[PDB]
Ligand SMILES: *[C@@H]1O[C@H](CO)[C@@H](O[C@@H]2O[C@H](CO)[C@@H](O)[C@H](O)[C@H]2NC(C)=O)[C@H](O)[C@H]1NC(C)=O
Ligand SMILES: *[C@@H]1O[C@H](CO)[C@@H](O[C@@H]2O[C@H](CO)[C@@H](O)[C@H](O)[C@H]2NC(C)=O)[C@H](O)[C@H]1NC(C)=O
């Protein structure tokens with residue numbers, strides 16, 4: 001177990017249906033920012049380096 | 001996070017303010033070699049190639 005950051009989507013009944021690692025790749029580092037799973041075309045802003 | 005959304009929100013309108021002025025032009029025309037259109041001299045207004 002490692003201390004990373006996950007985003008979780010809950011259903012209508014409080015069941016975890018899907019999850020995203022916020023430290024896997026830059027695409028999934030983006031989904032944790034806007035709080036969505038499907039993200040439109042453009043430049044979005046993420047964390048700085 | 002909230003500060004960089006504010007300044008990049010300001011910065012994005014500085015592209016929109018410039019496109020709504022100069023980019024009213026569908027097509028690029030060539031520079032005419034003629035510069036006295038009836039004696040009206042136009043070398044100072046056209047770009048000097
Ligand atoms: C959340 O749980 C409820 C149960 O309380 C689900 O509702 C039932 O779903 C079954 C199968 O779809 C139906 O046959 C029942 O008629 C439903 N009952 C009611 C009262 O709605 C519901 O589908 C669950 N939702 C999610 C997203 O898991
Ligand atoms: C438009 O006016 C300009 C004024 O600068 C004229 O340019 C000069 O013309 C003289 C004589 O033709 C030349 O000796 C200079 O070298 C020119 N200067 C430059 C910067 O080019 C130009 O001839 C005029 N054009 C027309 C069509 O009337």
- line: Within the stretch A:1-36, the count of residues that are within 14 Å of another protein chain (Cβ to nearest Cβ) and either loosely packed, with under 10 Cβ neighbours inside 10 Å or within 16 Å of ligand 2 (Cβ to nearest atom) (or both) comes to 1
- prompt: Just wondering, is there one or more residues in the stretch B:17-30 that are over 14 Å from the mean Cα position of the chain (by Cα), surrounded by fewer than 10 Cβ atoms within 10 Å (Cβ to Cβ) and either more than 16 Å from ligand 1 (Cβ to nearest atom) or at negative phi (or both)?
  reply: yes
task: Could you tell me whether residue B:42 is over 24 Å from residue A:43 (Cα atoms) and surrounded by 10 or more Cβ atoms within 10 Å (Cβ to Cβ)?
output: yes
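Quick reminder, even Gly has a Cβ in these numbers, built from the backbone with ideal geometry, and neighbours come from all protein chains shown. Bear in mind that the values in this text are calculations on the coordinates, not laboratory data.
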